[PDB]
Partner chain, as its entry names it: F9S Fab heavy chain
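Heads up, the chain below is alone and in the form deposited without its partner chain; it's given as structure tokens.
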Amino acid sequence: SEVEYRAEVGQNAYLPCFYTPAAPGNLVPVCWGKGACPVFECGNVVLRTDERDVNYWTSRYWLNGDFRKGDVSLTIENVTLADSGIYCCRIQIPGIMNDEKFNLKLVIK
């Protein structure tokens, strides 16, 4: 079919997203949301970081990887069937018309 990420109800879901910081400690803000990246900034926002730290999160949504090294992969805890969908991870590279947009398809059964 096409790239997808899978989980059963009650498991954690794992959606990958990565960037390479220009130099260590120099982080780029990231936008995670539910819905494809053409929607608003990154869909219906679930989690955000800035140059310093996580600045916004929704219950059950986590960055448990080394986000200070560019691993901004998402964990969704205790998934239900309502969690299926496209998710947008947007790397907000400083500057205009240069963001990286990743659309991740999650299928729960």
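Positions refer to the first chain, counted from 1. Superpose the two forms; the largest set of C-alphas matching within 1.5 Å is the rigid core. Shifts are known only where both forms have a C-alpha.
- The PDB entry reports B-factors from which the mean C-alpha value can be compared for 45-53 and 30-38; the larger average falls on 45-53.
- The question of which stretch, 58-66 or 77-85, has the higher mean Cα B factor is settled in favour of 77-85.
- For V9, the recorded CA temperature factor ranks within the middle third of the chain's modelled residues.
- Sorting the modelled residues of the chain by their CA temperature factor places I91 in the middle third.
The form solved in complex with its partner chain is left out here; the points below concern that form.
- Heavy atoms of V79 never reach within 4.5 Å of its partner chain in the bound PDB entry, leaving it off the interface.
- Contact annotation: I93 falls within 4.5 Å of its partner chain in the bound PDB entry, judged by heavy atom distances.
- Using a 4.5 angstroms threshold between heavy atoms, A23 stays clear of its partner chain in the bound PDB entry.
- In the bound PDB entry, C42 approaches its partner chain with a heavy atom inside 4.5 Å.
- Along 68-82, a non-hydrogen atom within 4.5 Å of its partner chain in the bound PDB entry is carried by no residue at all.
- Relative to the superposed core, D66 shifts its CA atom by less than 2 Å between the shown form and the other one.
- With a cut-off of 2 Å and the rigid core superposed, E41 has a Cα displacement that reaches or exceeds the cut-off between the shown form and the other one.
- Put simply, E77 and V39 spread apart in the bound PDB entry: their C-alpha atoms are 3 Å or more farther than in the form shown.
- The Cα-Cα distance between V46 and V39 is lengthened by 3 Å or more in the bound PDB entry relative to the form shown here.
- Taking the core as fixed, the only part between the shown form and the other one where three or more residues in a row have CA shifts of 2 Å or more is 38-41.
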